[PDB]
Amino acid sequence: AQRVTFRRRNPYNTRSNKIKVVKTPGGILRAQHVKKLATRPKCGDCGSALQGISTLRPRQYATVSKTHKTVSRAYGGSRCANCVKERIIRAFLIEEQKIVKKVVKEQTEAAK
Amino acid sequence: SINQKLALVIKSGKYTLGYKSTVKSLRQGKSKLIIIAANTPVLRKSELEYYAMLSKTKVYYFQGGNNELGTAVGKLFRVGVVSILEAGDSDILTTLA
Amino acid sequence: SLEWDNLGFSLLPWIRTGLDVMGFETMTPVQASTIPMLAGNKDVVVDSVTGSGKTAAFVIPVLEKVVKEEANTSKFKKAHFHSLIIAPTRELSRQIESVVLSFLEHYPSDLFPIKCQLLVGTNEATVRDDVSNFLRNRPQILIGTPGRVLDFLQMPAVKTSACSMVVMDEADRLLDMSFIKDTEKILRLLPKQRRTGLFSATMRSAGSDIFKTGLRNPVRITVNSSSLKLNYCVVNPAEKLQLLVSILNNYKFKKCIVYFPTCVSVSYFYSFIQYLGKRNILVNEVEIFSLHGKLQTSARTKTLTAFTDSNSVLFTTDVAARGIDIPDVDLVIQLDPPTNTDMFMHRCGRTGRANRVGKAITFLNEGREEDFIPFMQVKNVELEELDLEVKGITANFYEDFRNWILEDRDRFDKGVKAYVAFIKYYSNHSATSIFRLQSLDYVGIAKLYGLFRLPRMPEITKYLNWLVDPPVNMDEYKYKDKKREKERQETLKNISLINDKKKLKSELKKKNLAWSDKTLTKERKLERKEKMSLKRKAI
Amino acid sequence: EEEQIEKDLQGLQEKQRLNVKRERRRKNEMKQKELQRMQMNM
Amino acid sequence: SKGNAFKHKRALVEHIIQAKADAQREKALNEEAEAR
Ligand SMILES: [Zn+2]
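Chains as they are written, first to last, in the working numbering: chain C, 1 to 112; chain E, 1 to 97; chain H, 1 to 539; chain V, 1 to 42; chain D, 1 to 36.
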């Protein structure tokens, strides 16, 4: 039933300073400031959370290996699997349509 | 009509409803005709068109949405594409439809 | 026209050759109206009388579809099948398989063969043997009962994707409440786009349940035409077995089929009638067999083939009632009316083939017999009353049964078990008004089975002891079997220990009931008030 | 004795009639509901 | 049960068993009624 308060300069209940109450090895209750939770990286096309990539603070990514923040597939770590599949299919079909349109133009200009 | 032929095919013939089944049957070469609803997404429609060109399967563009095509087939759910494995008793294949 | 040559689709030459060698001299209306459509992209629902060519009517289109869809070729895959056939009993499925084999006898050589496999519950072949020889032999036709075919299809080694033909014989029985659980799974495994043929002599009864099978393009077919006699006797239950005897040694027949409600009753009464025949109670050239459906499959097959092969009496349950055809059967006796009336027409339907002179007899309990006859009349069945004298019983028959029971305690156990099983069977009876548990002659039925004490049942306690006035103690009753005699004596020596185990169980059940502490409190209050009034009123 | 038979036959017949009525009602309601739902997507 | 047809466990169990009994009886109910 012991009351605890902030341990830093800020006296206001702002998002920046949030308090948890913990029992120290001295048998007493004491406050502890909690950091902001990390946010999962999101896909750049659909905005869904990327799978297989660890969730860390922006500056904590500078200290981990590349396998913990990428995926072995192309666009891995930036776009998800379904978006890459759509990109591949769309690019191939667009190229095929360009070929067909070029053949049609060649035929229609071949009359004269 | 075209709805009567489709209903007869579902009653007596062999069919596959849906995009995945249609593509699988196109790969296996067992499709005689693919009816495509007008409500289908453009990417899937273009993929089906390319697959039909590869497999030399006749294409019929249904004049209605996936729900109208589902009702024409006789099912209370939407179907986006139908593939006719066997006409059976009907004559949809004979009349170039 | 009823000519094979002028049918729509010009049946295959080898099927025609098989038909001609078998004969039939023509095609029946069922085969004339079903074969053109069941092979023509239409599901089939066929109701027809017994022995009207129905089996060939659904076998010929099966072979036609098998040949048509290139099932008999090297292109056909392994672990796949084409057509399935389901029947409610093992003998019916084996008979269907025999018909298919007879048709395939004349199948030409120099081509990829067409084979069939029978999947029934047997003690001579596990399901893994069925899978092994299915993989090795590669058939295109499967024939079997729902349980073993369900077990077979559930095995991962069998693929059902190429099936295109399902046939259900006795489809009203396979869509029954008991069989619907298995057939739903069996049809769930198989592909939906297929051709279904339902065939049953009472297909109208399964009214709206036919669409549970998954018909796509169906056409219902009804075929209609004194062939046989339908009688009934209204007698006291305790005399019923005696009346049976008075029919067996007096009537004129080549084969008599006697139906019993339960399997234990079949065995028990078979043994007692054999004992009576040992004493020469009935003197005739009669050979008596028993055949119920709880036997091992090999024993059932052997008994059926011995009976089918000289004057014979069969004590059978409802396994033999439907489908199977034993020629030269003259007399059919239903010792009790069936649990469901729909099967009644089947039980007495084993006779009357080609308007043969055959008789069916039924027995009634004298209490609510006024309701069974009009019930059949509304269903367009007329039962002419028959009067039969109870010959040979003055006073001794029940005494003879009782003193034969006293020889072996196994006989006592079998009799009491059969009586209790019959009581449960009567509990599960349709047409509740006609067959009432309250109006049941419990003492009469117990007298019929030779028992000398009413088993403890809720029915006996509520709606209604020692039948023999000088009681007999069970302590001096000897089991007559050496292995179980010592077990009985050990249990007798442990009477108090088992009694105390049950007492502790009863107390623990008391303490675990709904709000038991409150119940004990209420009993305390009631007991105190009642025991106070028990003296305050007197003083 | 027979009063129970009369009562349960009458009760089961009334239950059957109510079941038929409610099945007809629900069938009409769901057919209209699915028609409207199918048409609302356009 | 989502529509508050059952108020506790025993009610649900009794409803299930009564439904089984009625699903056994309805087929013969009509002919029994016609018989009387
Ligand atoms: Zn994405």
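The beta-carbon is built from N, C-alpha and C at its ideal position, and this holds for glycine as well.
CB contact below 8 Å: residue i versus chain V
| i | result |
| --- | --- |
| residue 433 of chain H | yes |
| residue 25 of chain D | yes |
| residue 65 of chain E | yes |
| residue 274 of chain H | no |
| residue 17 of chain E | no |
| residue 33 of chain D | yes |
| residue 438 of chain H | yes |
CB contact check: residue i to chain D, cutoff 8 Å
| i | result |
| --- | --- |
| residue 12 of chain V | yes |
| residue 381 of chain H | no |
| residue 374 of chain H | yes |
| residue 336 of chain H | no |
| residue 371 of chain H | yes |
CA-to-CA distance, residue j to residue i, given in whole angstroms
| i | j | result |
| --- | --- | --- |
| residue 40 of chain H | residue 72 of chain H | 19 Å |
| residue 51 of chain H | residue 332 of chain H | 17 Å |
| residue 49 of chain H | residue 1 of chain H | 20 Å |
| residue 385 of chain H | residue 373 of chain H | 9 Å |
| residue 518 of chain H | residue 456 of chain H | 31 Å |
| residue 10 of chain C | residue 29 of chain C | 20 Å |
| residue 38 of chain V | residue 22 of chain V | 24 Å |
| residue 97 of chain E | residue 66 of chain H | 30 Å |
| residue 9 of chain H | residue 157 of chain H | 37 Å |
| residue 211 of chain H | residue 271 of chain H | 45 Å |
| residue 377 of chain H | residue 308 of chain H | 33 Å |
| residue 95 of chain C | residue 56 of chain E | 21 Å |
| residue 417 of chain H | residue 330 of chain H | 32 Å |
| residue 49 of chain C | residue 67 of chain C | 17 Å |
| residue 136 of chain H | residue 113 of chain H | 13 Å |
C-beta contact flag for residue i and residue j at 8 Å
| i | j | result |
| --- | --- | --- |
| residue 196 of chain H | residue 207 of chain H | no |
| residue 25 of chain E | residue 83 of chain E | yes |
| residue 31 of chain C | residue 7 of chain C | yes |
| residue 170 of chain H | residue 347 of chain H | no |
| residue 61 of chain H | residue 96 of chain H | no |
| residue 63 of chain C | residue 40 of chain C | no |
| residue 289 of chain H | residue 267 of chain H | no |
| residue 255 of chain H | residue 326 of chain H | yes |
Per-residue DSSP class, three states only, for residue i
| i | result |
| --- | --- |
| residue 7 of chain E | helix |
| residue 36 of chain E | strand |
| residue 112 of chain H | coil |
| residue 75 of chain C | coil |
| residue 33 of chain C | strand |
| residue 444 of chain H | helix |
| residue 28 of chain V | helix |
| residue 165 of chain H | strand |
| residue 275 of chain H | helix |
| residue 534 of chain H | helix |
| residue 18 of chain E | coil |
| residue 231 of chain H | strand |
| residue 92 of chain E | coil |
| residue 334 of chain H | strand |
| residue 17 of chain D | helix |
| residue 540 of chain H | No information on residue 540 of chain H is available, as it lies outside the stretch 1 to 539 that chain H covers here. |
| residue 18 of chain H | helix |
Closer than 7 Å: residue i CB and nearest ligand 1 heavy atom
| i | result |
| --- | --- |
| residue 79 of chain C | yes |
| residue 116 of chain H | no |
| residue 82 of chain C | yes |
| residue 48 of chain C | yes |
| residue 43 of chain C | yes |
Contact with chain E by residue i, beta-carbon distance below 8 Å
| i | result |
| --- | --- |
| residue 34 of chain V | yes |
| residue 220 of chain H | no |
| residue 38 of chain V | yes |
| residue 90 of chain H | no |
Contact with chain H by residue i, beta-carbon distance below 8 Å
| i | result |
| --- | --- |
| residue 3 of chain V | no |
| residue 55 of chain E | no |
| residue 14 of chain D | no |
| residue 28 of chain D | yes |
Cutoff 8 Å: residue i Cβ touching any chain C Cβ
| i | result |
| --- | --- |
| residue 50 of chain E | yes |
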